[PDB]
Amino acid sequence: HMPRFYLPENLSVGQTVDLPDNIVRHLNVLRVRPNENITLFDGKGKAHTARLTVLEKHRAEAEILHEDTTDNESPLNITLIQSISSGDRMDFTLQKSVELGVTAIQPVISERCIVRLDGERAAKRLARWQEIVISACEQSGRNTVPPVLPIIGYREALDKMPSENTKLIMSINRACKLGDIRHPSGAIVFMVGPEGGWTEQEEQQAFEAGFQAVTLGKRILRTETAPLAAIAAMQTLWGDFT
């Protein structure tokens, strides 16, 4: 119904405060007329209904009507560890994984990274990646915004999660099906490679870090579809798809 806007601020059930410059442009492009209602969520799980009071070319105000009791989150905790890939493959991975309920995203540089990251580029891509995630929350109705964590290398990211986590790498080598894995009890950490794939040594490191290699289905998918299909499969076995 009501257009949704991410506003990382604490809102009081009766306070009228002025909206940031990014929400102003967003309101104007959607042609949202004054006295219509919008949704403001802080990305931490709490949203509010607000009545649009003012809207100008470079200013916006809103009044907080009431608090939305709205939780669309999957109870399953999935961190997608994704090797940096170029353009559409990365953007679609980031956008659709948010629609499918991923809880965090750890971009990593692996051996076969072909994305330029020197200078200011790494920060600029992270910020654009963060904005794609935010937009996907606005569209899919999530009031919790999964973080896009600072870029690190593959090796450093292996030692990050606690031992008790379910640690999965998409790979055809030393694999079982995702359904045939020991029933995960807590959080899931899921590792995906770039276009060029994993190196032989990279697989060994994951195997030594306790990662279980998983396949889904009889054909190996080379595209961003494989991590997306896997997260949906995870929501069906352990998340809010079942």
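Numbers for residues come from their place in the sequence shown, where the first is 1.
J.: Decide which of the stretches 175-183 and 207-215 has the higher mean C-alpha B-factor, going by the entry.
T.: The stretch with the larger mean CA B-factor is 175-183.
J.: Look over 91-99 and 131-139 in the entry and identify the one with the greater average Cα temperature factor.
T.: Averaged over C-alpha atoms, the B-factors run higher in 131-139.
J.: Please pick out which of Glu111, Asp159, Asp118, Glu73 has the largest Cα B-factor as recorded in the entry.
T.: Of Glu111, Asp159, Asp118, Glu73, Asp159 has the highest C-alpha B-factor.
J.: Sort the modelled residues of this chain by their C-alpha B factor and say whether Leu221 lands in the lowest, middle or highest third.
T.: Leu221: CA B-factor falls in the middle third of its chain.
J.: Once the chain's modelled residues are ordered by C-alpha B factor and cut into thirds, is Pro194 in the lowest, middle or highest one?
T.: CA B-factor rank for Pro194: lowest third.
J.: Give the position of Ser163 by CA B-factor within its chain, expressed as the lowest, middle or highest third.
T.: Highest third, going by the recorded CA B-factors of the chain.
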